[PDB]
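*Asks:* Before I ask anything, let me first share the structure, which is written out below as structure tokens.
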Amino acid sequence: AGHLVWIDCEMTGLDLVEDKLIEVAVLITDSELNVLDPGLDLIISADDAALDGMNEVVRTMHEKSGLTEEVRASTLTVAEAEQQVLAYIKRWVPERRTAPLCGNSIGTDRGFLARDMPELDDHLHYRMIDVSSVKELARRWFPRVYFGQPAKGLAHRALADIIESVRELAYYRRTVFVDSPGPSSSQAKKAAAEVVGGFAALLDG
Amino acid sequence: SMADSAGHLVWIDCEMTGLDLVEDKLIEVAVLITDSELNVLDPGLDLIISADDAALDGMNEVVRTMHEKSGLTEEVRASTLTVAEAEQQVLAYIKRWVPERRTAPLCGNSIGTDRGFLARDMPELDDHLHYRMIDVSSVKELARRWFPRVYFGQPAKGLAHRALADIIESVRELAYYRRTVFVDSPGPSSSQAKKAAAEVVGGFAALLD
Ligand code: NA
Ligand code: NA
Ligand code: NA
């Protein structure tokens with residue numbers, strides 16, 4: 001409960017049938033978003049044919065970051081990278097199905113991890129904390145907060161990306177969420193009873 | 001444009017023969033539309049999708065039991081609706097509120113699981129929805145850590161594993177969080193947001209250097 005696993009993946013594209021996983025960065029925070037270790041950033045080998053298949057937008061970002069040339073030199077396999085990520089996570093989260101996976105639009109990463117790294121996929125809780133869910137809520141409920149987001153960076157790797165995901169959530173914690181510990185038990189029970197009453201007729205049909 | 005975000009939210013809950021994206025079948029899809037303030041705009045759509053007798057007999061004991069007890073299995077057996085037909089019905093329904101593709105987030109509890117089945121079986125619907133999603137369970141997990149009394153006060157959900165009631169309870173859960181763990185609208189001023197952004201940028205700058 002006291003730890004969050006953050007992952008950002010890079011791919012040759014978004015297609016779960018055809019595209020390859022070429023980078024996995026992993027970061028651990030506690031439940032208060034304190035970063036517990038500098039993180040891991042693993043560059044996974046893919047063949048030149050797979051890299052030649054990237055579309056213009058993906059080929060361009062991975063060229064500008066230098067990722068593609070690093071992928072070409074790497075000998076790390078998906079199975080080797082999975083064992084490295086699993087051991088790293090277990091230093092802080094030894095028990096399986098206890099820590100959620102966290103990131104921006106993190107379900108996309110999870111799909112590639114479920115396909116390529118089943119042992120890691122099963123070690124993480126199925127629940128995830130999608131920072132972009134909060135982003136899109138703020139976009140509608142608190143538009144000035146949405147437009148005030150910290151600017152995210154250019155031409156950097158997956159590890160910098162996942163750190164900026166934590167920073168974005170730390171920004172929302174200071175702006176759109178109430179102060180901890182939050183409402184009292186009586187206040188929470190009252191709010192729950194209000195929305196139960198407000199949704200009762202719709203639920204009854 | 002894809003920079004535009006729709007003021008309406010699309011909510012979907014699915015039932016399946018199991019969680020395996022290779023082997024399991026989509027057998028129920030419920031769809032609900034809300035405005036940004038979580039007002040439900042229509043009673044919702046609930047589609048029972050046919051699945052072969054083999055797929056139903058191959059359900060594991062946990063899933064076979066839940067879909068028997070809810071009546072879903074008998075409904076699936078009686079249904080003649082295909083996934084392609086259900087997909088076109090879902091699209092026509094959503095487009096009454098969200099006509100532009102890639103503008104409305106998909107919303108639910110652990111909605112990435114539903115999205116994987118939609119991407120596999122309903123590619124046109126998958127493309128019409130924004131890739132971004134509002135996972136109410138992400139807020140639930142934040143409440144567990146930052147607001148535990150709100151976490152323990154969540155309204156009790158039904159255990160029926162039926163798609164329309166369950167997606168309505170997902171909206172109700174987010175409405176609960178809106179009143180408990182989110183600040184009052186309109187929220188921070190521009191100046192307050194700038195200060196908070198500067199604080200976290202300063203806080204993470206060395207790590208990102
Ligand atoms: Na990402
Ligand atoms: Na990235
Ligand atoms: Na569900």
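Identifiers for the structure tokens are assigned positionally: chains receive A, B, ... in sequence, residues are indexed from 1 per chain, and ligands are indexed from 1 in the order shown.
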Compute the set of chain B residues within 7 Å of chain A, using only C-alpha atoms, and express it as a ChimeraX atom specification.

*Replies:* /B:36,110,112,132-135,137-138,141,145-147,149-150,153-155,165,168,172,175-176,179-183,185-190,193-194,196-197,200-201,204,208

*Asks:* Do you know which residues are within 8 Å of ligand 2 using only C-alpha atoms and all ligand atoms? Can you write them as an mmCIF file with N, CA, C and O atoms, in the first residue's frame?

*Replies:*
```cif
data_model
loop_
_atom_site.group_PDB
_atom_site.id
_atom_site.type_symbol
_atom_site.label_atom_id
_atom_site.label_comp_id
_atom_site.auth_asym_id
_atom_site.auth_seq_id
_atom_site.Cartn_x
_atom_site.Cartn_y
_atom_site.Cartn_z
ATOM 1 N N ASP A 8 7.215 3.715 -17.815
ATOM 2 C CA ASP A 8 6.996 4.266 -19.140
ATOM 3 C C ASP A 8 7.686 3.353 -20.136
ATOM 4 O O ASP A 8 8.843 2.981 -19.930
ATOM 5 N N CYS A 9 6.972 2.993 -21.202
ATOM 6 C CA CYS A 9 7.498 2.150 -22.266
ATOM 7 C C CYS A 9 7.652 2.958 -23.547
ATOM 8 O O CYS A 9 6.925 3.929 -23.786
ATOM 9 N N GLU A 10 8.629 2.566 -24.369
ATOM 10 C CA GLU A 10 8.707 3.052 -25.736
ATOM 11 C C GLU A 10 8.590 1.858 -26.675
ATOM 12 O O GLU A 10 9.003 0.744 -26.337
ATOM 13 N N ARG A 157 14.577 10.418 -22.542
ATOM 14 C CA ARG A 157 14.301 8.992 -22.563
ATOM 15 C C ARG A 157 13.039 8.657 -21.758
ATOM 16 O O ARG A 157 12.290 9.534 -21.303
ATOM 17 N N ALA A 158 12.773 7.358 -21.600
ATOM 18 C CA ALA A 158 11.581 6.929 -20.877
ATOM 19 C C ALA A 158 11.666 7.270 -19.396
ATOM 20 O O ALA A 158 10.634 7.501 -18.753
ATOM 21 N N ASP A 161 10.591 10.708 -18.852
ATOM 22 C CA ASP A 161 9.144 10.771 -19.065
ATOM 23 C C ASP A 161 8.379 10.331 -17.827
ATOM 24 O O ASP A 161 7.378 10.948 -17.447
ATOM 25 N N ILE A 162 8.793 9.224 -17.211
ATOM 26 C CA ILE A 162 7.995 8.739 -16.090
ATOM 27 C C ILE A 162 8.186 9.650 -14.878
ATOM 28 O O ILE A 162 7.246 9.868 -14.105
#
```

*Asks:* Identify all residues of segment 3-144 of chain A in strand (DSSP E or B) (DSSP on the backbone) and supply them as a VMD selection string.

*Replies:* chain A and resid 3 to 11 21 to 30 35 40 to 43 101 to 103 128 to 130

*Asks:* Write out as a ChimeraX atom specification the residues lying within 7 Å of residue 43 of chain A, counting only C-alpha atoms and excluding same-chain residues fewer than 5 positions away.

*Replies:* /A:22-24,71,74,76

*Asks:* For residue 32 of chain B, work out the shell of residues within 12 Å, counting only C-alpha atoms and skipping chain neighbours fewer than 2 positions away, then give it as a PyMOL selection string.

*Replies:* (chain A and resi 202) or (chain B and resi 8-14+29-30+34-35+38-47+90+93-94+96-98+106-108+163-171)

*Asks:* Looking at B:102, B:77, B:128, B:67, which one is nearest to residue 162 of chain B, with distances taken over only C-alpha atoms?

*Replies:*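 Counting only C-alpha atoms, the residue closest to residue 162 of chain B is B:67.
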
*Asks:* Please extract the residues of segment 43-191 of chain B with a backbone DSSP assignment of helix (DSSP H, G or I) and present them as a VMD selection string.

*Replies:* chain B and resid 53 to 57 61 to 69 72 to 78 83 to 94 111 to 121 123 to 128 136 to 146 148 to 152 163 to 178 190 to 191
